[PDB]
Amino acid sequence: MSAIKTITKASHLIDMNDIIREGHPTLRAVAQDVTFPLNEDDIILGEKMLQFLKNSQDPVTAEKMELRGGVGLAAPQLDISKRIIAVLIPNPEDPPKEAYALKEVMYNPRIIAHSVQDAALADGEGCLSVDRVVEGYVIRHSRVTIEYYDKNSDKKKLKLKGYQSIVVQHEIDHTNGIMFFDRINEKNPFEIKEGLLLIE
Ligand SMILES: [Fe+3]
């Protein structure tokens, strides 16, 4: 059976062996739109992705399952070429009353509006699919508005800034065959063009 019929089995927990790595053709393919109302595979696929991000963020399940920690994940990294992403972003400590800043599976997500202003994480970016070091500022839009459908096949619109905007952009890129290192300037990886906001 397919990566999707396999991952959606009730017994299946997503781990690192389900995540394909830089070099695999499916990471460079343009993902397929999902059709609505959502089939149950697409629905379970999303719950599994969010459960993987929980697992990967919990010290005890992570070390035991041998997971590398994450806050976003996209179906193409599971060798399922569909426009599906999961984001699971914890609220900052200073330990929060509400666990997560953003927790969402997005179907056919796309940027319909973005700020002129660019931004990048100061510490660069990483990817579960990238098993090497790639240093440099990954240049993104500071703010974005996304159109997407939720698990209820309901059309949503959401405005994002800072850290969550970066994450969502990262994951949407996967659905378009684009890897973070594509947005690093190879000439000077730590070049700051005027205007660039760094997220420290
Ligand atoms: Fe990634």
# chains A, B, ... in the order shown; residues from 1 in each chain; ligands from 1

call {"tool": "residues_around", "arguments": {"residues": "residue 153 (chain A)", "least_positions_apart": "4", "cutoff": "9 Å", "atoms": "only C-alpha atoms", "output": "ChimeraX atom specification"}}
result
/A:36-38,107,148-149

call {"tool": "write_last_selection", "arguments": {"atoms": "C-alpha atoms", "output": "mmCIF file, in the first residue's frame"}}
result
data_model
loop_
_atom_site.group_PDB
_atom_site.id
_atom_site.type_symbol
_atom_site.label_atom_id
_atom_site.label_comp_id
_atom_site.auth_asym_id
_atom_site.auth_seq_id
_atom_site.Cartn_x
_atom_site.Cartn_y
_atom_site.Cartn_z
ATOM 1 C CA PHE A 36 -13.363 18.606 -0.711
ATOM 2 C CA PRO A 37 -15.196 17.465 1.383
ATOM 3 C CA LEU A 38 -12.015 15.853 2.790
ATOM 4 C CA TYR A 107 -5.339 21.971 3.532
ATOM 5 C CA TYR A 148 -6.686 27.355 3.598
ATOM 6 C CA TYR A 149 -9.380 24.792 4.541
#

call {"tool": "closest_atom_pairs", "arguments": {"of": "chain A", "to": "ligand 1", "cutoff": "9 Å", "atoms": "only C-alpha atoms and all ligand atoms", "output": "JSON lines"}}
result
{"residue": "A:70", "atom": "CA", "partner": "ligand 1", "partner_atom_place_in_ligand_line": "1 (Fe)", "distance": 8.6}
{"residue": "A:72", "atom": "CA", "partner": "ligand 1", "partner_atom_place_in_ligand_line": "1 (Fe)", "distance": 7.1}
{"residue": "A:73", "atom": "CA", "partner": "ligand 1", "partner_atom_place_in_ligand_line": "1 (Fe)", "distance": 6.3}
{"residue": "A:74", "atom": "CA", "partner": "ligand 1", "partner_atom_place_in_ligand_line": "1 (Fe)", "distance": 7.3}
{"residue": "A:77", "atom": "CA", "partner": "ligand 1", "partner_atom_place_in_ligand_line": "1 (Fe)", "distance": 7.7}
{"residue": "A:125", "atom": "CA", "partner": "ligand 1", "partner_atom_place_in_ligand_line": "1 (Fe)", "distance": 8.6}
{"residue": "A:126", "atom": "CA", "partner": "ligand 1", "partner_atom_place_in_ligand_line": "1 (Fe)", "distance": 6.7}
{"residue": "A:127", "atom": "CA", "partner": "ligand 1", "partner_atom_place_in_ligand_line": "1 (Fe)", "distance": 3.8}
{"residue": "A:128", "atom": "CA", "partner": "ligand 1", "partner_atom_place_in_ligand_line": "1 (Fe)", "distance": 5.6}
{"residue": "A:129", "atom": "CA", "partner": "ligand 1", "partner_atom_place_in_ligand_line": "1 (Fe)", "distance": 6.1}
{"residue": "A:130", "atom": "CA", "partner": "ligand 1", "partner_atom_place_in_ligand_line": "1 (Fe)", "distance": 7.6}
{"residue": "A:167", "atom": "CA", "partner": "ligand 1", "partner_atom_place_in_ligand_line": "1 (Fe)", "distance": 8.8}
{"residue": "A:170", "atom": "CA", "partner": "ligand 1", "partner_atom_place_in_ligand_line": "1 (Fe)", "distance": 6.3}
{"residue": "A:171", "atom": "CA", "partner": "ligand 1", "partner_atom_place_in_ligand_line": "1 (Fe)", "distance": 6.2}
{"residue": "A:173", "atom": "CA", "partner": "ligand 1", "partner_atom_place_in_ligand_line": "1 (Fe)", "distance": 8.6}
{"residue": "A:174", "atom": "CA", "partner": "ligand 1", "partner_atom_place_in_ligand_line": "1 (Fe)", "distance": 7.0}
{"residue": "A:179", "atom": "CA", "partner": "ligand 1", "partner_atom_place_in_ligand_line": "1 (Fe)", "distance": 7.0}
{"residue": "A:180", "atom": "CA", "partner": "ligand 1", "partner_atom_place_in_ligand_line": "1 (Fe)", "distance": 7.1}

call {"tool": "closest_residue", "arguments": {"among": "A:113, A:80, A:65, A:1", "to": "residue 24 (chain A)", "atoms": "only C-alpha atoms"}}
result
A:80

call {"tool": "closest_residue", "arguments": {"among": "A:161, A:28, A:183, A:68", "to": "residue 124 (chain A)", "atoms": "only C-alpha atoms"}}
result
A:183

call {"tool": "residues_around", "arguments": {"residues": "residue 159 (chain A)", "least_positions_apart": "4", "cutoff": "10 Å", "atoms": "only C-alpha atoms", "output": "PyMOL selection string"}}
result
chain A and resi 111-114+143-147+164-165
